[PDB]
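Chain IDs A, B, C, D, E, F, G, H and I follow the sequence of writing; residue 1 opens each chain.
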């Protein structure tokens, strides 16, 4: 499937998302940003069934923006994760469910702590130091479990994600055409200019 | 599961085993299967245990409401009609098979209800997995004009047959006798022929055997 | 199940067996397959016990309301009620019903309604599993305007042959005689009709 | 169809809710009914005034059972009381027993009937209930309780009170006679005295209804074999018992 | 003032449309009496056919609800037949759903709850009719239960309804004060019919012919309205007192 | 047909006022007095029971102060049953927010929900408004302690100290006279008790005619509903009564 | 693909002398792939404890629903809900979705505050109440837990011994299941003291 | 108080529904219609005022057929009568569908009566403005019914409603007295023509057209049929002789 | 008086007032006359303009190739009723391959109006209609009033000063009923009938509308110069 990776360092959360969208035997685009900025300090990467991903992501984005406008306050990452998990759990038993897996990376400004949530199309939410959706984990975890330290800096996390991307580009039957990397910290969400 | 009902001269008795099984595994070794539709109207269940419990409680609540509305003692025909109509509404999807006995102002009643909404009347009935063994015992030892003790013995022997010769039943025997002139008598563990033998050795571990990483008090108060 | 209804000069007689089987196991060997929908309008049931019982209960309700409002219903009226209930729910019912009635105007009448809701008025009607085994005998031994004894004998012989050949039938032969004199219930045990 | 979607009970410029006050007035013009809470049970009582001596008073019950441990008496319009007791008996199962497997507590059943009556005072096309209810119940955690429910949907817990015609005088007698150390028989005697004060006609076990939420009566359970299941606490006194306690006085 | 048009409380706490329905109940100018026998229950109603162009066999205020429950109505025939159809449907549905015949008191309570609904909801008016149901309930015996447009219902040893009802009622009361029982100690229903007709003649003070009365008798497992000839036989038996 | 009986509750007067809103406010004016005071370290609610009898069981009686949430409570002025309907709805909304976001509901969100329900009852439906005024006392990690007030008009406002019910003008004047921004929770208790004792139409302020509540503070708040004995103790301590 | 066997996990409750115990594994995974080793399955409402095994999303949704209902219950009744009442509530809530079931296996444990009676019970995915006095087991290693409990348990055990027994049962059952493990927690519940202990086990 | 006559289903302090009585007045303002039960059926007759010679004679039928055996003629607000006849036709179709047997006359009468009584039960519906005389032959013989706007309906030997209802009732009483054995179908037709012609004199300002139908077990085999042609002209001549 | 607020309220004299107000609305409308022989049926209508810069409101509507109607009163209600009649003719032609009988059309219109003259919140229709048609029975002319009363006539007229045209048709009935097989003569008779209802006005090509139906003559409308030969 699409590659969706996320790591939580001491003062940041880094998200990696495939740049490739392929329908059939033809790669339609090699520069696809599979993320949606839910709030100034909370980003969400998504992957899964065509169409459902962008639809669900933009729906969640609109709801979070409406809440932030109404209450003039940014919801904590935990609240956004719980809201999207409830949405997906309501979806699973609907007529046509959403088949979208998401990684939410946020910086709780009230706690000043990085937080990373992994939720699947079923509504299974977990708070993890590193997370991945699809087959990606099947490789990346093995690296992270060894090379992840809680006191890691953002540059160390970027190097670790680059090692994961190298392993994926070596042992994956697919060419996901690189990854767009985004950093979520106390100052918001920024995009790495180049990762390869 | 093995459930039976037998009519005696002054009422009706039901009996069942106490073995709830999740496939080939015994989930409960003492699950009472005699439910109370009304103070003097009882029923034994088989099939989807959740369906039996739920439909029996629902019909019992509706019967209590009907009795408080009509100021009359509940009738077995009413519970029978409501159960059968409800089961037929939801087709065979409600997997409940009931043997419903009772004593009401009209007399003694013993019926059987199937999951799809059919009902049968008889003097002796059996349902469940072991229904065949129990029915063989009934057909072998049933006679007209049974006494209370005779019907109790016949029902207990049918349940024992279902316990011994059917893998779907076992453990103990619950009985409920309902006579016309008295209250319903609910004998829990009327027969206990499956007491477990004493184990050859005690497995109480020496304290500290388990490796503990961290302990924490849990605040239940506020 | 083996059921039939025969019209003789004094009225009508319904006959049935008492064997209800779940597969090859005789679930109930004393089943009363003769059901009363009105004082002198009865029905023989075959097929889904749940379906036939529900149909008979609803017909009894409708006929009780008809009696309360407009008086005693005709046999044809109960036949039409059965026909509506069976035909409109043909995709969810598996029931074959014979309806026999006595009214002083038309003497005795028999209406058989098989699967599909079609209604056919006949002097004598046979149905059930065992009926196929007695289609010949009946056609060779049935006469119009028989006496009560001759009608009982005809039904007894037919049901006895059906019970002998059809394993789905058995038990005791139950008959309900509807005449101007009223309703009579007759039972014939195996030790009697087997020697016929 | 029901085009009466607008409220029939509205605020008057004086701030008073008209139909609520009118229903309370109709209650005041109803037969007196009282309740007294003791240390080992509660008692409710009322006068059985019949329309005709040909009518059989036993067939018309002013004291009804809501749950096996909760009963209720009223003062006001009989038919409203009947429909309210039916609704309460059903709500006891639908909104508690069928969810928690236990009979509702007195407070919650009172709250449910009060919600029904409040909706009657606020919904469209309906007049408030022309009754006031005295509900006496017992649950394991709150013990014994006696509540009063007014047409407005409000409810109050009472140590002892009364409603109807002779409401004020009855309440005064209870204020003068009540204490927090009363046994059930003492409360029954006080209730009988207050009713005798509030009745002019005949006063015997055949013209007054009186029920008690007291101890558990396993003889009224109907089945034996379940030790955890005990008998109901609600019991309506027989005419013989009332006449005995009256001849005692 | 609109407290007189819809079913809302007056300042006195009174529902005036209910009282006006009560007033409408006596519009028919016919009286009815119900009494209980040892194993039967008899209702008698005045049969008044003023117009000679009327089919006298279609003038009835006694209805056969079920095979056990009969109902005599005091009030206009539209609301009478409405309540009759509703009670018949309720009894049939009760039999279908609960497996046994609807009791007299149960049908009375149901109709009284519907009448109460009419008093509380505004879009429906009460029916200007008083319904007296009679039967021989298997659990309660001979049963007479009456309901009114106010939603009130109760059972009676004997009852009367109509314009001169009070008169009749008093008479009945006296008899019970003399009899020390709650029923008519007669084994045959013919004697109970004769008793009812005799006491109605005593109260109203009028002689009834065979075309001036409707008699409905409920015995165990049956309710039937007598013909003019059976009423005539009872009247002849009464007249042959000495 | 039925048009002759419609009171038309949701209409404007020629002056631009909602008739039923004004009449419900007039109704609440006759109800008991409820006062909320928010100090720097807590919130205090004090209400006077209009219903008073020597036989009224005050131990199990709660006619003025209800718990919406472990962080939010309400003082009621007006029709108790309408208030309880709205309180049930508020509890359901708070638990829905908790289930949705796994965080306790902020006070203003619940207050705005209840106020919008009230407002909807004043603009459509042709139904009578709820004759209830609410004083919300709540705590959350955003605005700390919070005191809100809502009336049948559907309007809600925030206050340092507020009073609803009877004699609200004199109570508000006394509060403005004696309130201080730096005062503590015990000072708020004393001020509320004195304001009630000086604005009560009754002879004296006693425990039987009082309901009391304190939302205090570890990282945990305590919502303490005073029992009758605690109420009599705080009355005799603040000098209002003698024992 | 079995909805109850996608995520895996196990829970087991036992009783003793004036004490109960409820233990669970800490594994959550998408079939073969283990995802989280911190997924606890025993939640507590007041003094009642509920361990849910099965589809993880249904576990979390049921936890939220029961927290909702218990909070409203506490605010209405003005008392903490008891284990029997909560068991009945769980059964009714489960059967409320009979034809759209929650693919879970709830297990309730506690001590009645007013009577002190230790009470444990189990359920299926549609709410069939299994009220056993000895032990209740649920999860993917249901058979291993059944064997361990039927072998090791003896009634009237003191808390310090009941802990060892339930911990050994949980560990030796999880080590025989590929879809359970990655850590374990054990609650020893007394009338006024509830202790939580994390166990040390193999992380495979 | 006042205002009890402004809303339907409102009981006056007497116990009356004034809107129903006003509808009865609207009926009394209508033309004259009669029904006569004979020994083997019923005969319906109605007067149609020829407001102008521009009206097409023998057209603009006023008697409506229900099922194949029921005849209905209404006096009052003709459109309301058509509404009631359509409702009755639906009821008869439903009855025949469910119970196969054609709807009996008493059943049909009770259906119409319950419909009208429901129309006298709510302030959102106006009472009916037609008195309907109907009937026919069923398995129990002949039946003639009349239904008033109050929902009250009765079985009649002879019925009449409209402006000339009183003279028609008097003539029907004479017919009932002089014929205890019962009238025949054609004799009933001739008497209905006579009574219609006699009641027209009350409003002799404009000419009228006679319309007759009948349902007889022997003359029409139990089917509702319009009397036309030779029999109609014979009845007209009989009436013309009877007047003078 | 106090009984004219709704159509659900009966006057003490048994009169529904709103219906009479609708009839009065018709009376103040324009004049339209209808007349038929055995072979044809003609509607002649006088359209009315707001001023000299406005158009003349259409008064004749085509319902089907064999049936049409002329309106007098509220044009919206006329359009609603004509659309319902078109729907009924269309249903007859599609489900039964059968031309809708004119008498049945009148019955349907009667019941449709009665639906409005008995229920709360509904106003009676405010237009009178003159329906001409040619079914299997021959030529038919019906007059429909929103009271629900539809009457078949040889000729009639509705609107302002309609009594003059009606009396003219009464006098000329035996004359026009025999104008069979000659369309123009019946058209001129209708023009004379409507002229019998003119006062300070004269028939022009702009204010006159004609409609003709009959055997081998579908419902056709003539406006403008097409009517110049009949003036």
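In the analysis below, a contact is a pair of C-beta atoms (placed from the backbone, for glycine too) under 8 Å apart; a residue touches a chain by one contact, two chains touch by 3 or more.
Listed by chain with UniProt protein names: A = Proteasome subunit beta type-4; B = Proteasome subunit beta type-2; C = Proteasome subunit beta type-1; D = Proteasome subunit alpha type-2; E = Proteasome subunit alpha type-1; F = Proteasome subunit alpha type-3; G = Proteasome subunit beta type-3; H = Probable proteasome subunit alpha type-7; I = Proteasome subunit alpha type-6.
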Per-chain Cα centre nearest the global Cα centre, belonging to chain: D
Between F-G and B-E, the pair with more C-beta contacts: B-E
Centroid-based (C-alpha) most distant chain relative to chain E: A
Interchain centroid distance [CA atoms averaged], chain B/chain C, Å: 35
Separation of chain E from chain G, taking each centre as the mean of its C-alpha atoms, in whole Å: 64
Distance from the mean Cα position of chain C to that of chain A, given in whole angstrom: 71
Between chain C and chain G, centroid-to-centroid distance (C-alpha), Å: 57
Residues of chain C touching at least two other chains: 57, 69
Chain A residues counted as touching two or more neighbouring chains: 86
Sites on chain B at which at least two other chains make contact: 69, 81, 85
For the chain E and chain B complex, residues of the former touching the latter: 97-100, 103, 105-106, 109, 138-139
Contact set on chain E toward chain D in their complex: 6-15, 105, 109, 112-113, 115-117, 119-123, 145, 150-152, 154-159, 169, 172-173, 176, 182
Complex interface listing, chain E residues touching chain C: 64-67, 85, 88-89, 91-93, 95-96
Residue ranges of chain C in contact with chain H within the complex: 62, 66, 69-70, 73-74, 76-77, 79-81, 84, 105
Complex interface listing, chain H residues touching chain F: 6-8, 122-124
